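A.B. asks: Sharing a structure here in structure tokens format.
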There are 2 protein chains.
Amino acid sequence: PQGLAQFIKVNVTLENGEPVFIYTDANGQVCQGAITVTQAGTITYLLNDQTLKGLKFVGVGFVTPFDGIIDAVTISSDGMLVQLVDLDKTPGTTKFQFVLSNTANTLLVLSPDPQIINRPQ
Amino acid sequence: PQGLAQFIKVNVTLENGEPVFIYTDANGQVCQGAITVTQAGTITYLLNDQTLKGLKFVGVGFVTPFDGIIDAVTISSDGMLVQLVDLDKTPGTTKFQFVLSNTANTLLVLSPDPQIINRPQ
Ligand SMILES: [Ca+2]
Ligand SMILES: [Ca+2]
Ligand code: NA
């Protein structure tokens with residue numbers, strides 16, 4: 001008994017001194033639009049930090065954190081991965097932004113554009 | 001040789017089972033729109049968590065964390081206070097969102113409406 005294990009790479013570069021986020025699938029295709037979850041499963045995000053600003057994941061930020069779609073976020077000790085876990089059958093749509101620390105200053109970094117997850121009914 | 005110390009309270013209630021953020025000043029008056037930082041100083045945010053979801057600050061998130069407006073962010077060990085510090089003469093405009101943990105689940109909570117800080121030329 002099992003679900004889907006999806007993978008996205010979180011590519012961050014510095015453009016005019018500010019981070020820019022480009023999301024690619026495992027063979028390098030730019031990700032287009034919503035991620036769909038049809039079953040209990042995981043989405044693994046791998047940080048590829050090209051900024052020199054020592055970026056690390058500290059979590060995934062949600063405006064509707066009790067909406068029941070993603071049920072848990074998991075993070076590797078070194079901040080290089082964060083995973084989203086859907087542990088049940090709750091349908092709907094949710095959005096989120098990545099939250100990262102940096103070693104240049106003490107402000108947290110946020111991805112500007114919300115990622116969308118659609119859990120169909 | 002000194003600056004200004006501003007105080008806002010972040011009042012979080014649970015509306016329809018998701019958090020809603022109202023900001024109030026020293027006098028308990030609801031405020032909206034931009035904060036001005038017009039010389040090196042501090043903005044202190046107090047948490048008033050009426051959600052029952054054990055919110056605490058873990059930091060402040062910025063899409064453009066290297067723009068020079070806010071130079072540091074401090075946080076109290078109990079997550080009830082965060083402060084934004086301007087330590088230089090950089091004029092410009094920055095935006096941020098509060099980043100909170102909760103005790104219900106492992107998703108981070110974001111305030112949905114970016115607060116603006118304008119530091120005049
Ligand atoms: Ca779920
Ligand atoms: Ca500054
Ligand atoms: Na808990």
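Starting from 1 in every chain, residues are counted up; chains themselves are A, B, ... following the order of the structure tokens, and ligands are numbered from 1 as listed.
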Excluding residue 62 in chain B and its own-chain neighbours fewer than 6 positions away, which residues fall within 7 Å of it when counting only C-alpha atoms? Please give them as a list in words.

C.D. replies: residues 107, 108, 109 and 110 of chain A; 95, 96 and 97 of chain B

A.B. asks: Please provide the set of residues having any atom within 7 Å of residue 85 in chain A, restricted to only C-alpha atoms, with same-chain residues fewer than 6 positions apart removed, written as a list in words.

C.D. replies: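 In the requested form, the answer reads residues 41, 42, 43, 70, 71, 72 and 73 of chain A.
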
A.B. asks: Could you work out which residues of chain B fall inside 10 Å of chain A? Count only C-alpha atoms, and format the result as an MDAnalysis selection string.

C.D. replies: chainID B and resid 17:20 53 58:67 70:74 84 96:102 104:113

A.B. asks: Fewer than 4 positions away in the same chain doesn't count, so skip those; otherwise give me all residues within 9 Å of residue 10 in chain B, counting only C-alpha atoms, as an MDAnalysis selection string.

C.D. replies: chainID B and resid 21:24 45:49

A.B. asks: Apply DSSP to the backbone of this structure and, from chain A, keep only the residues in strand (DSSP E); write these as a PyMOL selection string.

C.D. replies: chain A and resi 5-15+18-24+35-36+41-49+56-62+72-75+81-86+92-101+108-110+115-119

A.B. asks: To one decimal place, how far is CA of residue 7 in chain A from CA of residue 80 in chain A in Å?

C.D. replies: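 Separation of CA of residue 7 in chain A and CA of residue 80 in chain A: 13.3 Å.
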
A.B. asks: Rounded to one decimal in Å, what is the spacing between CA of residue 79 in chain A and CA of residue 14 in chain A?

C.D. replies: 18.8 Å

A.B. asks: Pairing the C-alpha atoms in order across the whole chain, superpose chain B onto chain A by least squares and write the result as a tab-separated table (two decimals) with C-alpha atoms, in the first residue's frame.

C.D. replies:
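Saved to part-v5.tsv:
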chain	number	residue	atom	x	y	z
B	1	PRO	CA	-0.34	-0.08	0.26
B	2	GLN	CA	1.63	3.06	-0.82
B	3	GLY	CA	1.63	6.43	-2.64
B	4	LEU	CA	3.58	8.65	-5.02
B	5	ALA	CA	6.87	10.36	-4.34
B	6	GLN	CA	7.35	13.55	-6.48
B	7	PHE	CA	10.69	15.46	-6.68
B	8	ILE	CA	11.21	19.15	-7.55
B	9	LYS	CA	14.44	21.13	-7.32
B	10	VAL	CA	14.32	24.74	-6.07
B	11	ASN	CA	17.00	26.60	-8.04
B	12	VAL	CA	17.81	29.96	-6.47
B	13	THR	CA	20.05	32.47	-8.21
B	14	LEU	CA	20.83	36.06	-7.31
B	15	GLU	CA	19.44	38.48	-9.96
B	16	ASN	CA	20.40	42.11	-9.44
B	17	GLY	CA	21.30	41.13	-5.81
B	18	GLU	CA	17.92	39.56	-4.93
B	19	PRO	CA	16.97	35.85	-5.13
B	20	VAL	CA	15.03	34.41	-8.08
B	21	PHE	CA	13.37	30.96	-7.81
B	22	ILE	CA	13.17	28.57	-10.82
B	23	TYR	CA	11.54	25.11	-10.22
B	24	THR	CA	12.72	22.00	-12.15
B	25	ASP	CA	11.50	18.37	-12.26
B	26	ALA	CA	13.32	14.98	-12.33
B	27	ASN	CA	14.27	15.53	-15.96
B	28	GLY	CA	15.65	19.04	-15.32
B	29	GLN	CA	12.63	20.66	-17.01
B	30	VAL	CA	11.32	23.96	-15.69
B	31	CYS	CA	7.79	23.56	-14.36
B	32	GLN	CA	4.97	25.94	-13.50
B	33	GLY	CA	1.41	25.89	-12.22
B	34	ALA	CA	-0.25	23.42	-9.85
B	35	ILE	CA	0.99	20.18	-8.34
B	36	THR	CA	-1.68	17.51	-7.91
B	37	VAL	CA	-1.82	15.29	-4.83
B	38	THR	CA	-4.25	12.53	-5.83
B	39	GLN	CA	-3.76	10.22	-2.81
B	40	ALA	CA	-1.67	10.06	0.35
B	41	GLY	CA	1.94	10.79	-0.73
B	42	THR	CA	5.05	13.01	-0.61
B	43	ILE	CA	6.46	16.00	-2.59
B	44	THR	CA	10.25	16.32	-2.03
B	45	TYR	CA	11.94	19.74	-2.65
B	46	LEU	CA	15.75	19.87	-3.11
B	47	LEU	CA	17.58	23.12	-2.65
B	48	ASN	CA	20.02	24.28	-5.30
B	49	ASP	CA	21.44	27.46	-3.89
B	50	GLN	CA	23.46	29.35	-6.47
B	51	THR	CA	23.17	32.66	-4.61
B	52	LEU	CA	26.28	32.46	-2.43
B	53	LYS	CA	24.08	33.72	0.46
B	54	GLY	CA	24.03	30.31	2.34
B	55	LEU	CA	20.32	29.70	1.99
B	56	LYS	CA	18.78	26.80	3.84
B	57	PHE	CA	15.15	25.73	4.33
B	58	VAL	CA	13.63	26.39	7.73
B	59	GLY	CA	10.13	25.33	6.65
B	60	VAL	CA	7.09	25.86	4.49
B	61	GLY	CA	4.62	28.68	5.04
B	62	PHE	CA	0.83	28.58	4.43
B	63	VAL	CA	-1.79	31.30	4.85
B	64	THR	CA	-4.23	28.56	5.66
B	65	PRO	CA	-2.18	25.94	7.51
B	66	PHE	CA	-5.26	24.12	8.99
B	67	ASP	CA	-7.06	23.39	5.70
B	68	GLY	CA	-6.24	19.64	5.72
B	69	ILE	CA	-4.42	19.41	2.35
B	70	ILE	CA	-0.77	19.20	3.53
B	71	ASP	CA	-0.78	17.46	6.98
B	72	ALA	CA	2.94	17.63	7.79
B	73	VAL	CA	6.22	19.15	6.66
B	74	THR	CA	9.58	17.48	7.25
B	75	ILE	CA	13.03	19.05	6.94
B	76	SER	CA	16.59	17.72	6.77
B	77	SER	CA	19.06	18.85	9.46
B	78	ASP	CA	21.21	20.67	6.89
B	79	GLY	CA	18.29	22.55	5.32
B	80	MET	CA	18.88	21.11	1.87
B	81	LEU	CA	15.57	19.18	1.71
B	82	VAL	CA	11.98	19.76	2.70
B	83	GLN	CA	9.00	17.47	2.15
B	84	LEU	CA	5.26	17.98	2.13
B	85	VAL	CA	3.19	15.02	3.24
B	86	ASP	CA	-0.51	14.32	2.61
B	87	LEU	CA	-1.64	11.66	5.12
B	88	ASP	CA	-5.45	11.70	4.49
B	89	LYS	CA	-8.39	12.02	2.07
B	90	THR	CA	-9.06	15.81	2.30
B	91	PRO	CA	-9.87	17.27	-1.17
B	92	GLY	CA	-9.23	20.92	-1.91
B	93	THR	CA	-6.66	23.50	-2.87
B	94	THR	CA	-3.81	24.98	-0.76
B	95	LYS	CA	-1.00	27.49	-1.33
B	96	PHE	CA	2.43	27.98	0.22
B	97	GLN	CA	5.71	29.82	0.08
B	98	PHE	CA	9.17	28.48	0.98
B	99	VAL	CA	10.82	29.93	3.99
B	100	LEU	CA	14.60	30.20	4.05
B	101	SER	CA	17.38	31.52	6.26
B	102	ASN	CA	20.51	33.07	4.91
B	103	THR	CA	24.04	33.69	6.20
B	104	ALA	CA	24.28	37.30	4.97
B	105	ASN	CA	21.73	38.77	7.42
B	106	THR	CA	19.07	37.67	9.97
B	107	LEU	CA	16.03	38.32	7.68
B	108	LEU	CA	14.18	35.26	6.45
B	109	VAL	CA	13.73	34.78	2.74
B	110	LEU	CA	10.42	34.00	1.16
B	111	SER	CA	9.73	32.66	-2.33
B	112	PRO	CA	7.48	35.33	-3.88
B	113	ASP	CA	5.04	33.28	-6.00
B	114	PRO	CA	2.72	30.96	-4.06
B	115	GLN	CA	2.87	27.39	-5.32
B	116	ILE	CA	-0.54	25.78	-5.62
B	117	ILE	CA	-1.44	22.23	-4.66
B	118	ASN	CA	-4.83	20.96	-5.86
B	119	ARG	CA	-6.08	17.67	-4.30
B	120	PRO	CA	-9.09	16.57	-6.49
B	121	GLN	CA	-12.54	15.79	-5.00
